[PDB]
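Peer 1: Questions regarding the structure given below will be posed in turn.
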Number of protein chains: 4
Amino acid sequence: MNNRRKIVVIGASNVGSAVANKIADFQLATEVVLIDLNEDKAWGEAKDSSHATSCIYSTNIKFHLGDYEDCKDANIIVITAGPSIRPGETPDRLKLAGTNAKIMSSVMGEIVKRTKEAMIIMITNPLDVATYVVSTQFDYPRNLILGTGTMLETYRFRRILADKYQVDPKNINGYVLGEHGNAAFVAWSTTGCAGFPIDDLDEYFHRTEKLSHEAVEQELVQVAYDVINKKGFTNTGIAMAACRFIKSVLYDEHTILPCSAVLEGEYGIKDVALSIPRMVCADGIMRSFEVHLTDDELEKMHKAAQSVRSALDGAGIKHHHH
Amino acid sequence: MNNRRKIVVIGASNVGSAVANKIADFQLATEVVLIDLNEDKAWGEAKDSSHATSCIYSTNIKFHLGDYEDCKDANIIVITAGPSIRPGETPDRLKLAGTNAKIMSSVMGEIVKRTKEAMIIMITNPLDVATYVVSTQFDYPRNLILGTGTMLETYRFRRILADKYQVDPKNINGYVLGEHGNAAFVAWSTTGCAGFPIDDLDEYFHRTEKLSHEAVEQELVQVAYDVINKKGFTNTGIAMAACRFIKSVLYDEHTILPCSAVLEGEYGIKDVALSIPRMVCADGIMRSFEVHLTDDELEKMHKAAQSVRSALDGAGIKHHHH
Amino acid sequence: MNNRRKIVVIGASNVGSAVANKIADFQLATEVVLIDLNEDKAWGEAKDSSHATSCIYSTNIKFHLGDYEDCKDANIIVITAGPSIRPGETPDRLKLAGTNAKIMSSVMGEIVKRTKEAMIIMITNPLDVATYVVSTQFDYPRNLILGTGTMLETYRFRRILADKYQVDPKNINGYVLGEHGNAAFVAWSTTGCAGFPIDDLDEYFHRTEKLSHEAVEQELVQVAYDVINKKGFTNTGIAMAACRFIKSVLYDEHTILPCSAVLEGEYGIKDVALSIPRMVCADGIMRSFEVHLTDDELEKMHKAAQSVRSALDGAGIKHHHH
Amino acid sequence: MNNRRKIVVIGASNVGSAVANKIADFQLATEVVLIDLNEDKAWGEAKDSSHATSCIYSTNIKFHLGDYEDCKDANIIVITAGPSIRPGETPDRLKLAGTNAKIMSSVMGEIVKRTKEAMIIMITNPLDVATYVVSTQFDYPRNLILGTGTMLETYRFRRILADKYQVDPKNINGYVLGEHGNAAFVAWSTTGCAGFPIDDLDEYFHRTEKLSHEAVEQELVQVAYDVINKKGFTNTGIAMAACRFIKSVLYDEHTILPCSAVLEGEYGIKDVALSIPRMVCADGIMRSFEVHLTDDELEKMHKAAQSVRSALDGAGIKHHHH
Ligand SMILES: NC(=O)c1ccc[n+]([C@@H]2O[C@H](COP(=O)([O-])OP(=O)(O)OC[C@H]3O[C@@H](n4cnc5c(N)ncnc54)[C@H](O)[C@@H]3O)[C@@H](O)[C@H]2O)c1
Ligand SMILES: NC(=O)c1ccc[n+]([C@@H]2O[C@H](COP(=O)([O-])OP(=O)(O)OC[C@H]3O[C@@H](n4cnc5c(N)ncnc54)[C@H](O)[C@@H]3O)[C@@H](O)[C@H]2O)c1
Ligand SMILES: NC(=O)c1ccc[n+]([C@@H]2O[C@H](COP(=O)([O-])OP(=O)(O)OC[C@H]3O[C@@H](n4cnc5c(N)ncnc54)[C@H](O)[C@@H]3O)[C@@H](O)[C@H]2O)c1
Ligand SMILES: NC(=O)c1ccc[n+]([C@@H]2O[C@H](COP(=O)([O-])OP(=O)(O)OC[C@H]3O[C@@H](n4cnc5c(N)ncnc54)[C@H](O)[C@@H]3O)[C@@H](O)[C@H]2O)c1
């Protein structure tokens, strides 16, 4: 049998290199391979990482430039290839659908020649679009494809309430669901803080100004664009989300998490990827948990479904069926 | 200023040595000191640990036998001294009140000569009794005393439901509150699984036999006695709980957790220690969160209050007031 | 392919439970199985551990009582079964050869029915004896058997010099080789401190009393017996050594380490297990590095060879050949 | 006393953000503060990090934009401010002396108004130049200033030999000393691999082509420029070195490491910063270890001394004396 764990990261720019380096920090692989059209960048990133993994406190993690033959024995393949939205551009990841759908077809085209067994973690934007393209255009075990999705919005939700009330973000339970994008929404019906309603924190802390649900949901969406405008891009929080899914897979955790995959009738929605609660384990997504949404939350899920499906259509990605 | 973190563990037997070794594994201290009436055991435990901390992947953590002068510059002092209930004995930690109240007075008597600044983590049984004795018989900043309490029952709650439904225990939210003992209870009003009711898991997993709340609450209590009878003692889960509180303190996390401290009027209860939800940070317990208990849960909190207060009375520990 | 890592620990007493808990702390497995003749102890240890792995900072590591069918898909099997030398007894692990050789035959007898692919880490004493028995009495890939050996004496060497000079033990390079026992010796020819001779530390620190090589070598041997006499047993340092080998295997590190295996002509020695420098990787021991010993060091290796071979003979274990 | 650990990172670009994120991954602080002339970047980096530290496996590490008032209670201050050498430019960090000496004076000027107690880790290039400027132009406890120096070249040395022979880089002992720059050299006199000479690896591995010391020393220097040319910059290996020093300080390890500080007569050199072996602990640099260099190694140390002192002179930094 094989004691080694091999992870391939496609795209070795800001996101790929942050995912690769978090993997190295948390010692989640034996071997990390970087693939990029720009092989010089992939080589430089891998070389810089190979020096970090020579530290006395690091395991000897093998970093290198590679190619698609490295997908043959990959446990996990994280896809980060393709451009982002840039500072001052329209704050809408769905504008990337046309270009990035084509990159995802090209990249998944090469992967499936080498493997039908690697767990695929999608990060490339538009996240739900990219997750849809690789899930529907190729024969690949559906369980082995996961988009990070609204895991990152969910971290943002936790931090906003953590910062507002000076509470541990880990105490903030529940999910941001829907699109990794402007149709993300807080499923307030799923939420709590340390075993009590989030709306009760104002009473516990004697706040005169009451929490605005709309303010929290807009902040967690808008902060992604503020970071892109001020830092130039984002990579830290997404690298962390990537590692969280990697751990659910490698520790066969059976964790229920918000992540993106093609819906199969949940909330009356099919043939679109969005984030809904799904169990993640060594064999990838075992199933969804169709939590009971309020009428308003259900409306937001439908709006998200409509917005992603329209972006897929605009990029010339077909409807699919069984 | 001081870059070093010094933790003193009082009692170097099964529990103290497990707490000390978890601290070393998670690298939560610069220096770990063991204190025991049996200095030979404390020395042997510290020597065995000093070899582990010579591993290439360990920080150089200084383990040694020490004495109460090591409390002067201690960040944290974990109290594990005194006997447990033994296999085949009456499954009631409160039987330890008379003997262990006296040990706690002796041990806290020595600590307060050297420091008024160390975070004290109580583990010695009866946990609520021991936490009460050190909180009321000495002038010590009240914020700097925490009993692990029903944090351990809460891990047990998570594992039982994790094992029953094959879900991540981290998805199991809410608390076991009251006594670390036979008057522990599940505050079902505080609970969930991954943003939905625990009672809904039977539907998601199409189980014909429905979850019994009473069965879960009895199992999480009874399993402590089964482990004592079959292993001889417990130490792993409590060492883990100890480390969880240490991290809330050292990372100033502001985590809301079940832990034992003297109640100050919550649920109509005062002048007894029980576990209720409390925020833990660098300065110890900042405050409680008096979550709204059902009438049945409130009755169980009162029963727990009555049982611990009667054990304190039976051990000749006075009522105290402001 | 399989994202999961399964480790079986045979013997769930002081050593097995410490190895299992270090594995859980460092998150080195998906699943940890305990096997013991005393299934009650194995069950209790696994239950106590299952509560620790429900902590928010733990991966969902599955602990359970198991049986030899758990060896079928085991990545690693750590053998800790059988008695130790007890306080006040003759300080000679070789006295265990007769009893523990039989246990090792019984245990390895059951393993080889289920697997020819698990990495076997031997810990049971006499370590070199036990490592020899499982290596020679069964057809098993020789590369997949490693005794922890003088890795633990080497940690002891580092700590003694670390404590003497107030230097990081990680700066102490070189090996204790030979028997895990009274014929352990320091291969001074292999040693250094931070890139200079260990004998130069007295000059750097202006010490009037000069380091005694014999004093260091006797201390690192004698301290094992002092810990057994004062603590009752040892487990922490060996659990750490076990985890160090596990990491060399799971991270395919290619680390050169002192570990026990049957010699194949190194130093003129064959058909006995002792610790010599060996490279450890995902496929276990790839090879030895026959470092050039001084005449005195070579004499000590031969004395160790003679002492272990005589203990094997006394326990009725045959000579073997190719 | 204070349970919290606060680290300030000055410069929030590629290097500062990698140092900050490694600190967060290894949980080396309670609070990480970013300072930059570009406060938008510092804010964006801190916000992206604040989302990562909302993961269930992260401690609640507080990231924020800050200012020099955050230096008042800083345990550690890592200085990364100022430009690097850019792709296609002259491969000579010493060309940065004139500009970056002025930035270091400005930055250290502000720090010393708020603290005389923070451990200062210098990273800004020219590393030895920057380390010299902050050590000599201000009254600051000399023990509290360390440049990462040839720790990073030493990781590079380990990786080159690790990759060449398929051995663990942690087995590669000894140091690259002198300038973090073109006058870096391998102190071969200090080296080994797993307790034997590095030159013996060719024999162990039956290599026909013999190791070239000059080839290894040029590769470990040249690879920094290749990474800058191909990746655009470096940050991963330096972030790792930064964390290694942080751990020697916070775990009071007493580790002997190559790091940059003003020499006080070692090798006949004074009033210049270079990397020589130095012990690092909670109080910073306790002392140097003047290892006995060969005549050729001593010549290289003198060449390094001359090259850095000439760059300091060219940037208008004075000679200093006692
Ligand atoms: N899901 C999330 O939460 C999240 C967060 C951040 C970024 N992202 C997305 O991640 C992607 C990467 O972000 P970035 O900042 O690193 O982008 P970037 O534009 O800086 O880099 C993209 C990289 O992909 C490479 N690439 C392009 N086409 C390729 C192909 N066919 N094969 C291999 N490599 C190819 C490019 O050479 C480049 O190195 C973007 O789509 C971004 O929007 C997602
Ligand atoms: N709170 C929890 O969840 C939890 C869990 C497990 C055990 N415990 C409690 O932890 C305690 C320790 O358990 P154990 O199994 O290690 O017990 P043990 O009886 O094996 O060891 C107790 C140790 O305390 C030492 N000691 C006694 N009086 C002392 C004094 N005055 N000063 C210093 N040392 C002293 C003894 O010498 C002995 O080494 C017990 O009270 C047990 O019930 C609590
Ligand atoms: N190599 C080292 O550095 C090192 C260090 C410490 C201990 N040890 C050795 O480890 C072994 C265990 O030490 P301990 O303190 O845990 O011993 P122990 O006597 O406390 O426990 C041994 C356990 O093995 C079990 N066992 C016995 N025969 C068995 C069988 N056939 N199958 C399964 N389980 C069986 C027993 O029931 C018991 O639980 C001893 O031989 C000891 O000397 C080695
Ligand atoms: N020692 C090493 O091994 C090593 C390795 C890599 C880089 N470096 C050095 O680290 C430095 C940073 O590298 P980089 O790639 O991040 O550079 P960069 O040019 O991308 O960023 C430098 C940052 O410093 C900020 N800055 C400039 N002057 C400042 C001031 N007075 N106060 C506060 N912030 C200020 C800038 O706004 C910018 O954000 C360079 O000098 C580089 O050569 C050292």
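Naming works like this for the structure tokens: A, B, ... for the chains as they're shown, residue 1 at the start of each chain, ligands 1 onward in shown order.
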Can you list, as a list in words, every protein, DNA or RNA residue that comes within 8 Å of residue 60 in chain A when you count only C-alpha atoms, leaving out same-chain residues fewer than 3 positions away?

Peer 2: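 In the requested format, the answer is residues 30, 53 and 54 of chain A; 251, 252 and 253 of chain C; 168, 169 and 170 of chain D.
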
Peer 1: Please produce a file of those selected residues containing N, CA and C atoms, as an mmCIF file, in the first residue's frame.

Peer 2:
```cif
data_model
loop_
_atom_site.group_PDB
_atom_site.id
_atom_site.type_symbol
_atom_site.label_atom_id
_atom_site.label_comp_id
_atom_site.auth_asym_id
_atom_site.auth_seq_id
_atom_site.Cartn_x
_atom_site.Cartn_y
_atom_site.Cartn_z
ATOM 1 N N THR A 30 3.070 14.555 1.715
ATOM 2 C CA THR A 30 4.464 14.076 1.555
ATOM 3 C C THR A 30 5.131 14.896 0.450
ATOM 4 N N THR A 53 10.875 23.785 3.772
ATOM 5 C CA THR A 53 10.651 22.408 4.269
ATOM 6 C C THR A 53 11.987 21.738 4.631
ATOM 7 N N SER A 54 13.056 22.507 4.691
ATOM 8 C CA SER A 54 14.369 22.082 5.231
ATOM 9 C C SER A 54 14.582 22.578 6.663
ATOM 10 N N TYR C 251 5.982 10.744 5.832
ATOM 11 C CA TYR C 251 6.507 11.872 5.033
ATOM 12 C C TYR C 251 7.645 11.419 4.149
ATOM 13 N N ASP C 252 7.832 10.092 4.042
ATOM 14 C CA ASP C 252 8.848 9.546 3.104
ATOM 15 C C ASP C 252 10.083 10.416 3.247
ATOM 16 N N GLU C 253 10.566 10.540 4.472
ATOM 17 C CA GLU C 253 11.596 11.578 4.738
ATOM 18 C C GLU C 253 12.996 11.177 4.293
ATOM 19 N N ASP D 168 17.167 13.177 4.205
ATOM 20 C CA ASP D 168 16.430 14.230 4.948
ATOM 21 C C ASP D 168 17.332 15.457 5.107
ATOM 22 N N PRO D 169 16.867 16.679 4.755
ATOM 23 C CA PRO D 169 17.666 17.889 4.947
ATOM 24 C C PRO D 169 18.041 18.093 6.425
ATOM 25 N N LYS D 170 17.202 17.600 7.343
ATOM 26 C CA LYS D 170 17.472 17.713 8.796
ATOM 27 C C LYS D 170 18.727 16.926 9.161
#
```

Peer 1: Per residue of chain D within 12 Å of ligand 1, which atom pair is closest and at what distance in Å (one decimal), using only C-alpha atoms and all ligand atoms, listed by chain and increasing number, as a Markdown table?

Peer 2:
```
| residue | atom | partner | partner_atom_place_in_ligand_line | distance |
| --- | --- | --- | --- | --- |
| D:48 | CA | ligand 1 | 6 (C) | 10.1 |
| D:51 | CA | ligand 1 | 3 (O) | 11.2 |
| D:52 | CA | ligand 1 | 3 (O) | 11.6 |
| D:230 | CA | ligand 1 | 39 (O) | 11.6 |
| D:231 | CA | ligand 1 | 39 (O) | 9.9 |
| D:232 | CA | ligand 1 | 39 (O) | 12.0 |
```

Peer 1: If the cut-off is 10 Å, can you tell me the residues of chain D near chain B, counting only C-alpha atoms? I'd like them as a ChimeraX atom specification.

Peer 2: /D:1-5,27-31,56,59-62,73-76,116-119,170,246-255,281-284

Peer 1: Produce a file of the selected residues containing N, CA, C and O atoms, as a short mmCIF file (atom, residue, chain, number, x, y, z; two decimals), in the first residue's frame.

Peer 2:
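The file below, result-v4.cif, is the result:
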```cif
data_model
loop_
_atom_site.label_atom_id
_atom_site.label_comp_id
_atom_site.auth_asym_id
_atom_site.auth_seq_id
_atom_site.Cartn_x
_atom_site.Cartn_y
_atom_site.Cartn_z
N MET D 1 0.47 39.25 35.48
CA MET D 1 1.43 39.03 34.34
C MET D 1 0.63 38.93 33.05
O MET D 1 -0.61 38.99 33.14
N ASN D 2 1.29 38.70 31.92
CA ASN D 2 0.60 38.76 30.60
C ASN D 2 0.73 37.43 29.87
O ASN D 2 1.88 37.00 29.54
N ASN D 3 -0.42 36.80 29.65
CA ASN D 3 -0.55 35.47 29.00
C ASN D 3 -0.47 35.70 27.47
O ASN D 3 -0.25 34.70 26.73
N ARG D 4 -0.61 36.94 27.00
CA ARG D 4 -0.75 37.23 25.55
C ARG D 4 0.65 37.35 24.92
O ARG D 4 1.59 37.66 25.61
N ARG D 5 0.76 37.05 23.63
CA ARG D 5 2.00 37.26 22.85
C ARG D 5 1.60 38.08 21.64
O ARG D 5 0.70 37.65 20.89
N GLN D 27 0.71 29.24 15.11
CA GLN D 27 0.04 29.75 16.33
C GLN D 27 1.10 30.32 17.29
O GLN D 27 1.06 30.06 18.52
N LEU D 28 2.00 31.17 16.78
CA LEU D 28 3.14 31.70 17.56
C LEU D 28 2.80 33.03 18.23
O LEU D 28 3.71 33.59 18.88
N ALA D 29 1.57 33.53 18.04
CA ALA D 29 1.14 34.81 18.65
C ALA D 29 -0.35 34.76 18.99
O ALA D 29 -1.11 34.02 18.30
N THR D 30 -0.74 35.62 19.93
CA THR D 30 -2.15 35.94 20.27
C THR D 30 -2.67 36.97 19.27
O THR D 30 -3.84 36.94 18.90
N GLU D 31 -1.78 37.89 18.87
CA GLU D 31 -2.12 39.14 18.16
C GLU D 31 -0.98 39.43 17.18
O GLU D 31 0.17 39.33 17.59
N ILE D 56 -11.96 26.43 12.29
CA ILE D 56 -12.18 25.61 13.48
C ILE D 56 -10.85 25.12 14.06
O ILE D 56 -10.73 24.93 15.30
N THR D 59 -6.46 28.89 16.42
CA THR D 59 -6.73 29.74 17.60
C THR D 59 -7.27 31.08 17.05
O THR D 59 -6.99 31.45 15.86
N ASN D 60 -8.01 31.80 17.89
CA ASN D 60 -8.56 33.14 17.55
C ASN D 60 -7.43 34.18 17.59
O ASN D 60 -7.36 35.03 18.54
N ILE D 61 -6.57 34.16 16.58
CA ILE D 61 -5.42 35.12 16.48
C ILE D 61 -5.94 36.42 15.90
O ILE D 61 -6.59 36.41 14.86
N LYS D 62 -5.72 37.50 16.63
CA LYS D 62 -6.24 38.85 16.27
C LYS D 62 -5.25 39.51 15.30
O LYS D 62 -4.10 39.84 15.71
N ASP D 73 3.76 47.14 23.53
CA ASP D 73 3.62 45.86 24.28
C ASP D 73 3.93 44.69 23.34
O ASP D 73 3.49 43.57 23.66
N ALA D 74 4.75 44.92 22.30
CA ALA D 74 5.17 43.86 21.35
C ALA D 74 6.23 42.98 22.00
O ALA D 74 7.21 43.51 22.56
N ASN D 75 6.04 41.66 21.93
CA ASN D 75 7.05 40.67 22.35
C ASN D 75 8.17 40.65 21.32
O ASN D 75 9.34 40.62 21.70
N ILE D 76 7.77 40.69 20.05
CA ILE D 76 8.64 40.56 18.86
C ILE D 76 8.18 41.54 17.80
O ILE D 76 6.98 41.75 17.61
N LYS D 116 11.89 49.29 24.64
CA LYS D 116 13.29 48.85 24.80
C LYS D 116 13.30 47.38 25.17
O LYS D 116 14.33 46.90 25.67
N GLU D 117 12.18 46.68 24.93
CA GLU D 117 12.01 45.29 25.44
C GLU D 117 11.60 44.30 24.34
O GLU D 117 11.61 43.14 24.65
N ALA D 118 11.20 44.75 23.16
CA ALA D 118 10.77 43.85 22.07
C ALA D 118 12.00 43.18 21.45
O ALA D 118 13.01 43.87 21.18
N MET D 119 11.90 41.88 21.20
CA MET D 119 12.89 41.18 20.35
C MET D 119 12.70 41.67 18.92
O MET D 119 11.60 41.57 18.37
N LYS D 170 17.20 17.60 7.34
CA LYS D 170 17.47 17.71 8.80
C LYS D 170 18.73 16.93 9.16
O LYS D 170 19.32 17.27 10.16
N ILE D 246 11.76 32.91 16.01
CA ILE D 246 10.64 33.19 16.95
C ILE D 246 10.51 32.04 17.95
O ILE D 246 10.36 32.27 19.18
N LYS D 247 10.63 30.80 17.47
CA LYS D 247 10.44 29.63 18.36
C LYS D 247 11.63 29.52 19.32
O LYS D 247 11.40 29.21 20.48
N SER D 248 12.85 29.83 18.87
CA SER D 248 14.03 29.77 19.77
C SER D 248 13.84 30.78 20.91
O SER D 248 14.27 30.48 22.04
N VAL D 249 13.22 31.92 20.60
CA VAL D 249 12.96 33.01 21.59
C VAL D 249 11.81 32.56 22.48
O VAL D 249 12.00 32.51 23.70
N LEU D 250 10.66 32.19 21.93
CA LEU D 250 9.46 31.94 22.77
C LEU D 250 9.58 30.65 23.59
O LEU D 250 9.04 30.63 24.69
N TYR D 251 10.35 29.66 23.15
CA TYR D 251 10.59 28.40 23.90
C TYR D 251 11.93 28.45 24.60
O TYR D 251 12.36 27.45 25.17
N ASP D 252 12.54 29.65 24.65
CA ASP D 252 13.80 29.82 25.42
C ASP D 252 14.66 28.61 25.12
O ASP D 252 15.17 28.00 26.05
N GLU D 253 14.90 28.36 23.85
CA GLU D 253 15.50 27.06 23.46
C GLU D 253 17.00 26.99 23.69
O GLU D 253 17.48 25.86 23.77
N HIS D 254 17.72 28.11 23.63
CA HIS D 254 19.20 28.09 23.73
C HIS D 254 19.77 27.41 22.48
O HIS D 254 20.79 26.74 22.57
N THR D 255 19.12 27.63 21.35
CA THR D 255 19.57 26.99 20.10
C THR D 255 20.77 27.77 19.54
O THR D 255 20.71 29.01 19.47
N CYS D 281 17.77 32.70 22.67
CA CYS D 281 16.89 32.30 23.79
C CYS D 281 15.87 33.41 24.09
O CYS D 281 15.80 34.34 23.30
N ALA D 282 15.09 33.26 25.16
CA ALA D 282 14.01 34.23 25.47
C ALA D 282 14.53 35.67 25.54
O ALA D 282 13.74 36.58 25.33
N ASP D 283 15.80 35.84 25.90
CA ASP D 283 16.41 37.18 26.01
C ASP D 283 17.21 37.49 24.73
O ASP D 283 18.09 38.39 24.76
N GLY D 284 16.94 36.78 23.63
CA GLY D 284 17.57 37.07 22.33
C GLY D 284 18.93 36.41 22.20
O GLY D 284 19.00 35.21 22.50
#
```

Peer 1: Rank C:243, C:172, C:216, C:279 by their smallest atom-to-atom distance to residue 24 in chain C, using only C-alpha atoms, and report the top residue only.

Peer 2: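 Comparing C:243, C:172, C:216, C:279 against residue 24 in chain C, the winner is C:243.
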
Peer 1: What does the list of residues within 7 Å of ligand 3 look like if you count only C-alpha atoms and all ligand atoms, written as number ranges by chain?

Peer 2: C: 10-16, 35-38, 80-85, 93, 103, 106-107, 123-127, 148-149, 152, 180, 233-235, 238

Peer 1: What gap, in Å, lies between CA of residue 285 in chain D and CA of residue 115 in chain B?

Peer 2: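 About the pair CA of residue 285 in chain D and CA of residue 115 in chain B: they are 29.8 Å apart.
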
Peer 1: Between atom 42 (C, counted along the ligand's line) of ligand 4 and CA of residue 156 in chain D, what is the distance, to one decimal in Å?

Peer 2: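 Taking atom 42 (C, counted along the ligand's line) of ligand 4 as the start and CA of residue 156 in chain D as the end point, the length is 17.0 Å.
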
Peer 1: Neighbours of residue 186 in chain B within 8 Å (only C-alpha atoms; same-chain residues fewer than 3 positions away dropped), as a PyMOL selection string?

Peer 2: chain B and resi 175-177+217+297

Peer 1: Rounded to one decimal in Å, what is the spacing between CA of residue 192 in chain A and CA of residue 154 in chain A?

Peer 2: 12.7 Å

Peer 1: Nearest to residue 18 in chain C among C:34, C:71, C:215, C:193, with distances taken over only C-alpha atoms: which residue is it?

Peer 2: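 Looking at the shortest contact to residue 18 in chain C, the residue is C:34.
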
Peer 1: So which residues of range 56-294 of chain C fall under strand (DSSP E or B) by DSSP, listed as an NGL selection string?

Peer 2: :C and (62-65 or 76-79 or 119-122 or 145-147 or 172-178 or 184-193 or 196 or 255-264 or 270-281 or 284-288)

Peer 1: So that I can check the surroundings of residue 292 in chain C, please list as a PDB file with C-alpha atoms, in the first residue's frame every protein, DNA and RNA residue that reaches within 9 Å of it, counting only C-alpha atoms and ignoring chain neighbours fewer than 3 positions away.

Peer 2:
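Okay, this is what ended up in around.pdb:
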```
ATOM      1  CA  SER C 189      33.079   9.575  16.351  1.00  0.00           C
ATOM      2  CA  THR C 190      29.588  10.557  14.971  1.00  0.00           C
ATOM      3  CA  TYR C 267      30.931  -4.251  11.389  1.00  0.00           C
ATOM      4  CA  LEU C 298      33.709  -1.334  17.099  1.00  0.00           C
TER       5      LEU C 298
ATOM      6  CA  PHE D 196      29.515  11.270   8.957  1.00  0.00           C
TER       7      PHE D 196
END
```

Peer 1: Might you pull out every residue within 6 Å of residue 8 in chain B, with only C-alpha atoms counted and same-chain residues fewer than 6 positions away left off, and present them as number ranges by chain?

Peer 2: B: 32-33, 77

Peer 1: Would you save the residues of that selection, restricted to N, CA and C atoms, as a short mmCIF file (atom, residue, chain, number, x, y, z; two decimals), in the first residue's frame?

Peer 2:
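What follows is the written file result19.cif:
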```cif
data_model
loop_
_atom_site.label_atom_id
_atom_site.label_comp_id
_atom_site.auth_asym_id
_atom_site.auth_seq_id
_atom_site.Cartn_x
_atom_site.Cartn_y
_atom_site.Cartn_z
N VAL B 32 7.65 23.17 32.04
CA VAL B 32 6.57 22.42 32.73
C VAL B 32 7.17 21.88 34.01
N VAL B 33 6.56 22.26 35.12
CA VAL B 33 7.04 21.83 36.45
C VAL B 33 6.05 20.86 37.05
N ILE B 77 -1.35 27.13 36.59
CA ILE B 77 -1.17 26.06 37.57
C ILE B 77 -2.40 25.17 37.43
#
```

Peer 1: For each of B:198, B:183, B:257, B:241, take the minimum atom-to-atom distance to residue 304 in chain B, counting only C-alpha atoms, then give the residue where this is smallest.

Peer 2: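 Selected residue with least distance to residue 304 in chain B: B:183.
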
Peer 1: So, counting only C-alpha atoms, which residue among D:6, D:207, D:179, D:47 is closest to residue 237 in chain A?

Peer 2: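 Using only C-alpha atoms, residue 237 in chain A sits closest to D:47.
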
Peer 1: Please run DSSP on the backbone and report, as a ChimeraX atom specification, all residues within range 93-310 of chain C that come out as helix (DSSP H, G or I).

Peer 2: /C:93-114,127-136,142-144,151-165,169-171,198-204,213-231,236-250,266-268,295-310

Peer 1: Just the residues within 9 Å of residue 320 in chain D, please, counting only C-alpha atoms, with nothing from its chain fewer than 6 positions along; format it as an MDAnalysis selection string.

Peer 2: chainID D and resid 136:137 271
